[PDB]
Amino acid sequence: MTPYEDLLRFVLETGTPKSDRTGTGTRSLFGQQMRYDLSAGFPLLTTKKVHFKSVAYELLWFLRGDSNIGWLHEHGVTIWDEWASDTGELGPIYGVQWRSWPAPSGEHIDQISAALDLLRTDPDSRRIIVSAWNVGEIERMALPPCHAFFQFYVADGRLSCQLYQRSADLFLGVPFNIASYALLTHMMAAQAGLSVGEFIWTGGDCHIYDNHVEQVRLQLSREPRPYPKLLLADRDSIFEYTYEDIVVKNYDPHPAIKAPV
């Protein structure tokens, strides 16, 4: 099962050429979908070595509800550095919205706690939603959210998660996004007393940048290997997980493929 490589190949082969905000140029398709059965393995890609350390810390960073790169920086993760101000600020991005979405009333809404609370007390709910798409605050963000909106689902004790990603840099960002949300689903499941089901990735603008074509063709020439296995130490709260509470067992990827400068 290689949902990601399948999609990458599909877009490489049938994507429409298309200009963009960065001026780099892309090939693109709209409304494409991936499904991983998380009970079958953790979807950290094996066709190139993915820097999980940065994935994990970025997610922990989101869960803290930080808007400033400082903490990410202290753990050696520089993926957000370009976009920060000189004081480190990114604006009310992902984590700020996840943890403290400002309602007109002056209350800040912790969507992550709310979601977990629903998984525990009313798992059949069709409203277990977290949205980072705060129409009123987009303009103050350094970048509008790419992974914008996500929903949980429970069936026979198993937790599934679907993410709507409006904009999908397939080579660079997407491998991070998949691992991030699979990790999140594990954490949420652990905290809710559920086992993991499916992760469904639904994308809007799914693109390959014109300057990643060689890197992509190389990746598609590689034979996929067994997915690794995710383990988590026990914690009282999702907000108490640390990097050290996470282990990825039997991760055996093909070599890393550097992003073009």
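One-based numbering along the sequence shown.
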- prompt: When the C-alpha temperature factors are averaged for each of 148-156 and 106-114, which stretch ends up with the higher value in the entry?
  reply: 106-114
message: On mean Cα temperature factor in this entry, is 66-74 or 36-44 the higher one?
response: 66-74
- request: Quick one: which of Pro224, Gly193, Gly197, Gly204 shows the highest Cα temperature factor in the PDB entry?
  value: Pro224
- prompt: Lowest, middle or highest third: where is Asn177 by C-alpha B factor in its chain?
  reply: lowest
query: So where's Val247 on the chain's Cα temperature factor ranking, which third?
result: middle
- request: Would you please rank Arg120 by its C-alpha temperature factor against the other modelled residues of its chain and give the third it falls in: lowest, middle or highest?
  value: middle
- request: Consider only the C-alpha atoms of the modelled residues in this chain, order them by B-factor as the entry records it, and name the third containing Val213: lowest, middle or highest.
  value: highest
task: Compare the C-alpha B factor of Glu89 with those of the other modelled residues in its chain, then answer lowest, middle or highest third.
output: highest
